[PDB]
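Participant: From the sequence below, what's the structure:
(chains A, B, C and D, ligands or ions: 4)
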Amino acid sequence: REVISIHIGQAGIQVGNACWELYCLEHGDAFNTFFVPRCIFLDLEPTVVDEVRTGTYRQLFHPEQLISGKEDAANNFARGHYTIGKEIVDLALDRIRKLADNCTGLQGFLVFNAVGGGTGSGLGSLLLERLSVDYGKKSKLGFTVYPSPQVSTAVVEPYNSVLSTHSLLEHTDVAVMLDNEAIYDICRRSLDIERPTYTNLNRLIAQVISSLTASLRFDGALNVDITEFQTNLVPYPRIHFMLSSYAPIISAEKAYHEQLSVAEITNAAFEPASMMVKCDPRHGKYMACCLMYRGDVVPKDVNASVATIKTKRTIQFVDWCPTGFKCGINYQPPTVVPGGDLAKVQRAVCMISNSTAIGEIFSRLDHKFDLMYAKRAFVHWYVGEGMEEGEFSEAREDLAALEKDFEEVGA
Amino acid sequence: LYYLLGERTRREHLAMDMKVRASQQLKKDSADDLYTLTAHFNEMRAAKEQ
Amino acid sequence: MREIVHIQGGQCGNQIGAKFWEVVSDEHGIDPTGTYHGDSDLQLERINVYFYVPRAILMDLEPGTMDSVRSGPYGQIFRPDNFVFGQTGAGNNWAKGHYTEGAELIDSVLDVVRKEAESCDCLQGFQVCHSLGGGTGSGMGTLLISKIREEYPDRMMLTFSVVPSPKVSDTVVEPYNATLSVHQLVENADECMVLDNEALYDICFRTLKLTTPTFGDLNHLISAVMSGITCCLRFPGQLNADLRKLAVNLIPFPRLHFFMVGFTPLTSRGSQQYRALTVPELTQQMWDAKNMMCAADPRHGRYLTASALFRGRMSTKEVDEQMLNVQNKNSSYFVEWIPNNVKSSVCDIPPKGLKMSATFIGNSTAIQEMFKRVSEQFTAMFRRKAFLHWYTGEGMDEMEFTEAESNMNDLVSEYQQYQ
Amino acid sequence: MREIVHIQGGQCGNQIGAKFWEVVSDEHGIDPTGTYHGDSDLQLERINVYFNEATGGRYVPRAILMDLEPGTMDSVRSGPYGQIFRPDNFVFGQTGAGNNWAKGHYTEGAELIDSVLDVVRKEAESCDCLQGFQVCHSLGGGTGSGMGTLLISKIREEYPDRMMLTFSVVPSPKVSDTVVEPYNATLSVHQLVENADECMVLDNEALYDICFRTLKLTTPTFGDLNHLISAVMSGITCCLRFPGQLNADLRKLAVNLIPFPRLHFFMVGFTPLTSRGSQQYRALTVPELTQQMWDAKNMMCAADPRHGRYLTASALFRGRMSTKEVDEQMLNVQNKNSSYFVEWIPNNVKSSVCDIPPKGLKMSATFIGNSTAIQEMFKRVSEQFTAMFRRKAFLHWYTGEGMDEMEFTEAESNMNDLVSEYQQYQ
Ligand SMILES: Nc1nc2c(ncn2[C@@H]2O[C@H](COP(=O)(O)OP(=O)(O)OP(=O)(O)O)[C@@H](O)[C@H]2O)c(=O)[nH]1
Ligand SMILES: Nc1nc2c(ncn2[C@@H]2O[C@H](COP(=O)(O)OP(=O)(O)OP(=O)(O)O)[C@@H](O)[C@H]2O)c(=O)[nH]1
Ligand SMILES: Nc1nc2c(ncn2[C@@H]2O[C@H](COP(=O)(O)OP(=O)(O)O)[C@@H](O)[C@H]2O)c(=O)[nH]1
Ligand SMILES: Nc1nc2c(ncn2[C@@H]2O[C@H](COP(=O)(O)OP(=O)(O)O)[C@@H](O)[C@H]2O)c(=O)[nH]1
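Facilitator: Numbering: from 1, shown residues only, chains lettered A, B, ... in the order given. Ligands and ions are numbered 1, 2, ... in the order given. Coordinates below:
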């Protein structure tokens, strides 16, 4: 029962710096699914990788696993897909092969990337393509960072996001959306950190990842493996983009006063004020939900809570799915990180659902992409890197098809 | 003007919500009526079998 | 002499079966080490029916259930060769658990059960505990039922199967599994004792008045039912009724073999010493409609037949006036063209801890409600082909779901017809 | 054989029955754990009338506590002999009615009566030959009066062939606790005249009088008042439980005391009841028992029967007594005060003897007198009811709930024709 994790780009490996800190702390036979770690950091700029090489975990990671290129992708999908990716991607997958060879019961791969950059978009898509050819049947869990509407650090990130999602449809099997502006709002509202950095974000992303893989590492009352999300949450082959949420994201002061139980945290996991994507699920209709439970939880109240949700009317369900839930209970309580801003909890819930609010995000991104592209702004950089004028319009029409698919299924 | 358009739209949405709540009451009690009334049908059914 | 072989499939089946062997081994006085320490010599005489190593075969597709079996007590008593066990895992996919992963585990489970079957002299039947919602439990267990009937056609077969309910709904593909599982059960199993978690949670709320009914107690209730149904083989009685005699008394037509079950007595810890143990009192708890372990209220229809297996030193005269009174009082709830619709049986050995127990098996016509209750959800999802590609890309086609629909549709039609 | 089930409604009903089951279980020699520890076999042969053997010497009382507030039931179970009731019989709501006869008869009644009826049905079919039912409640409150009265109505539609007792306290002007007492008393009595078999009227005013003069208690809390009421109630149904020289069962006593079908409100007394100061200075003979019985100042209602005429009267004696002395003493007190007795019925008193006195006493008595002075109470209450309804005080808390003005006109009309017909037979 083993799963290997690859981390791409400056955002992917910084997220990994939080993920592996949590894993080793959590395991101090159950460790076999992760443990040397089963990871490869890979990036085109050596500055962030050598932060790992000179850090505290110098001995934990095998030296070759840390892959580092020689020059950056310059925030160009084209550069990170056709020019520089072509040299690093072959070395990356030649390592993933013999790591999978050491494994026996490999559940799947899970990838971490941000689609706004060059490496995370470009060679992230390239790596996923060649993995689909080599394995195909094995699940690939894609935790992407789409760019937010109003909070932005780049300018051409619409180009990269559209050009990355076009391949993200037919390559990853499970795809989880995580914006940055939404998590900023979460850390401001519930965790009351008025000045958050990337470190806090990456810390609670690791908490989500660990909660959905804890069913493999530890025995629960009702276990749910990596193939279950594949089946219970994806009604159609082209709809796989999932909202994520976690509860309780509570500061130390508030948590002790609050009485944490299953019914209220099951409620808290469904309000739009506690999701990892800035979108309005009230604007959409739910297709199917999945509830991960950790800690002291009996099957009664998780069933009682789900009954109260289905009877409430501020959130509506789709007509083609009357039984729209997939619950899961595990015994092990969530662990904490010294210095982390979350307090210890008896029980936590991670929700991974699917709706049509995501269909609203893609139209909102398409407009910004559409505006710049018509007068060919910024196109000449990518074309010089090896691309042409054709693939921008054809990627545009692919997103148009996706918009129509969401409007039709929700009917 | 927009600050007041918002108030009229909010009023309209609440007028629908209190309506939705009342509709659930109608749904619930009517289900109860079916249970009591079908019991009445079984009693008359039992009467004729005897 | 008369032999019963045990087969446990899936996560649900394994934990039910784990609790089952705990209770039976306790009754036969065998320690968790595997040695006899009992008191009475009546128990040694009929311990070959189940044994001292149990005659069971655990089967699933994930190591967690096997590890959790050997961890707990009475986990060192199974023969490690009977832990026939795959490695990959179907995971709530009936097509995977019935065509893809079954196709390579089924040959090995069949070899161990064939060795365990021919090891004895005269089989009474097999006893399968599984679910109808999961994939590796339902689908694989279902295929095992079909394979066994081809090799052993004259032997009995029990299936303790739980069904999904919309009030207690675990996964999203529940109706896709329940409909297909029934399509195979209606032609393969000899009889099935339908269970579900909604009625079980309801029992533990009202009658047991438990605060936190974890899966241990639910599996404990189902285990008490399975111990009660085969007491007639394992212990002498004033009127014996083995498995075969219950089947022929309960099934009037060859497709009517889905039973609802109850158990008596069930009382809270608080009211445990405030109560009496008499045959009339147990009968009022038997025929109560809130004591069935299915989500199908039998008072919304008629009974076809019913049976009550009693354990303890009883007077057979009391049995007869209670059964005739319940038939003459509520004459509309029973079918008219069969007189004296009640079969009874007595065994002299009560379960450990009680003085007088009873087990109810009712073949009613209220079962067509739950099957229609299922076909509704299945009908809507199938119409727009939701979740269908995860099954179709494995070998299943559309006519298979239509065929299961027709079998679901004509079963409830003949229940209505005989109603 | 003959069987009586017990029903306690509301807060007042719960405490009355609690002291009752303590006293009776004491009489049968059962310890608060519920096991038999008696000495003779006179006690064992007739414990099927009230209790049921559970398992290995466990006897459970056949009672059903029914109310709407958690605290009231909890108090009975905290105290001794609380651990003997079967927990299923604790039929119990959660919201509350609160002195609203409409809420107790239309709002919260409609969702609790079915459940308590299921317990009553199970408790009724658990025995073979019903003798009757026993209900204790009040007429001023809402969760006892309105809910309990609807319970009475449901029973009459279910079992119209069986007997029915109701021990009901009535609100008085001098002892008036709540403010909606008249709007509750009038409608409750209205439902009582059409459903109850016979009603034994009690009231808190007479209870205070007895505890000052005769008992001479210093701090008479409700435990001691209920002690009086429980001893009296046990005196009525002693004849079903114990053998005597002259047995008088409940239905036998009802047909002897009720000359007309609507005339079934009884006044009660009990003897002997003395202070511990004068206990040593008197004896135990039939004259001392009869004079303290027929004393108007010793009646357990605040309606002086000497302001009217006795229609019929009954006396149930307990202890080893001679029936010759019984009727001669009864005849003497009927001949002297001949004006207080009705004229066209000779020997207006039915009498019976039982041979087992209560524990600690050699001789007791219980008086049940169907008088005509009860019309004063209905006038004394009806005028307060009419005074409020003329200008609609407090009306909207009932009107806004489902009753109309015609229901009040109906209630006043039935009280008015009842007082008129009592005055006629006077
Ligand atoms: N959650 C999170 N997001 C990050 C972090 N660092 C960068 N990002 C996001 O990454 C996106 C920008 O693209 P980058 O990840 O920096 O690009 P890259 O992977 O470094 O690829 P190149 O920069 O071209 O080498 C924006 O959405 C940033 O918000 C981080 O530490 N945590
Ligand atoms: N001589 C004598 N007469 C008695 C005795 N006991 C009762 N009686 C008479 O019986 C008469 C009433 O009839 P009972 O026998 O008591 O009652 P019953 O005839 O069984 O009729 P029910 O009361 O309906 O059962 C009274 O007038 C008494 O005089 C007794 O011990 N000796
Ligand atoms: N009574 C009972 N039911 C269970 C237990 N474990 C799981 N279930 C039920 O089984 C269903 C899921 O079946 P599952 O175990 O996933 O089947 P499998 O995946 O094929 O092995 C859920 O609806 C649960 O209600 C148990 O210990 N006792
Ligand atoms: N004798 C007696 N009377 C009581 C007791 N408790 C309450 N009462 C009387 O009950 C009247 C109020 O009725 P209430 O308890 O509110 O009735 P309920 O709320 O409908 O159950 C008051 O006038 C009290 O005098 C008691 O323990 N003994």
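Participant: What about residue C:119, how many residues nearby?
Facilitator: Using other C-beta atoms under 10 Å in any protein chain shown, residue C:119 is surrounded by 10 other residues. Any C-beta I mention is one placed from the backbone N, CA and C, and that applies to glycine too.
Participant: quick one: it and residue C:112, what's the gap?
Facilitator: 11 Å (C-beta to C-beta, to the nearest Å).
Participant: Same check on residue A:379?
Facilitator: For residue A:379 relative to residue C:112 (C-beta to C-beta), the value is 66 Å.
Participant: How about residue C:18?
Facilitator: 18 Å.
Participant: So which residues of chain B form helices?
Facilitator: Using DSSP state H, the helices of chain B run over B:2-49.
Participant: oh sorry, the question was meant for chain A
Facilitator: Under DSSP H, chain A gives helices at A:9-26, A:46-53, A:85-102, A:122-134, A:157-171, A:181-189, A:198-217, A:226-232, A:252-257, A:262-268, A:299-311, A:357-374, A:379-385, A:390-409.
Participant: mind listing what's buried in the first one?
Facilitator: Taking 16 or more other C-beta atoms under 10 Å in any protein chain shown as the neighbour-count basis, helix A:9-26 is seen to contain the buried residues A:9-23, A:26.
Participant: Summarise which helices and strands the helix or strand harbouring residue C:323 is packed against.
Facilitator: Assessed by DSSP states H and E, residue C:323 sits inside helix C:316-329. Packing partners of helix C:316-329 (3 or more C-beta pairs under 8 Å, 6 or more residues apart in numbering or on different chains; DSSP states H and E): helix C:279-286, strand C:303-311, strand C:342-347.
Participant: quick one on the thing from earlier: give me the more crowded residue out of residue C:18 and residue C:112.
Facilitator: residue C:18 (24 against 18).
Participant: can you tell me which residues contact the nearest residue to that one once chain neighbours are set aside?
Facilitator: Nearest residue to residue C:18 in three dimensions, chain neighbours excluded: residue C:69, at 5.7 Å (C-beta to C-beta, 6 or more residues apart in numbering or on different chains). Shown in contact with residue C:69 (C-beta atoms under 8 Å, 6 or more residues apart in numbering or on different chains): C:14, C:18, C:58, C:75, C:78, C:83.
Participant: and residue A:113, what are its bridge partners?
Facilitator: For residue A:113, the beta-bridge partners are residue A:144 (DSSP bridges).
Participant: Would you mind confirming that it is in contact with residue A:142?
Facilitator: Yes - under the criterion of C-beta atoms under 8 Å, residue A:113 makes contact with residue A:142 at 7.4 Å.
Participant: These two: which has the busier surroundings?
Facilitator: residue A:113 (29 against 22).
Participant: Now do the contacts for the more buried one.
Facilitator: A:8-9, A:11-12, A:120-121, A:124, A:142-145.
Participant: Next up, identify which helix or strand the closest residue to residue C:2 other than its chain neighbours is on.
Facilitator: Among residues not flanking residue C:2 along the chain, residue C:124 sits closest, at 4.3 Å (C-beta to C-beta, 6+ apart). Using DSSP H and E, residue C:124 sits in strand C:122-131.
Participant: Just after that strand, pick out the following helix or strand.
Facilitator: Criterion used, DSSP H and E; the element after strand C:122-131 is helix C:138-151.
Participant: is that following helix anywhere near chain A?
Facilitator: No - Helix C:138-151 lies out of reach of chain A by C-beta under 8 Å from any C-beta of the partner chain, never closer than 13.0 Å.
Participant: Let me know the angle separating that helix from strand C:122-131.
Facilitator: 160 degrees (axes from the mean of the first three to the mean of the last three C-alpha atoms, to 10 degrees).
Participant: Tell me how far the helix or strand following helix C:138-151 lies from the chain's centre.
Facilitator: Using DSSP H and E, the helix or strand that follows helix C:138-151 in sequence is strand C:156-162. How far strand C:156-162 lies from its chain's middle: 5 Å, per C-alpha atoms, centre = their mean, to the nearest Å.
Participant: Packing partners of strand C:156-162?
Facilitator: strand C:122-131, helix C:138-151, helix C:174-188, strand C:191-195, helix C:215-229, helix C:243-250.
Participant: what's in contact with the shortest one?
Facilitator: Read it as strand C:191-195. C:157-163, C:185, C:222, C:225, C:247, C:250-251, C:257-261, C:293-294, C:296, C:361, C:367, C:370.
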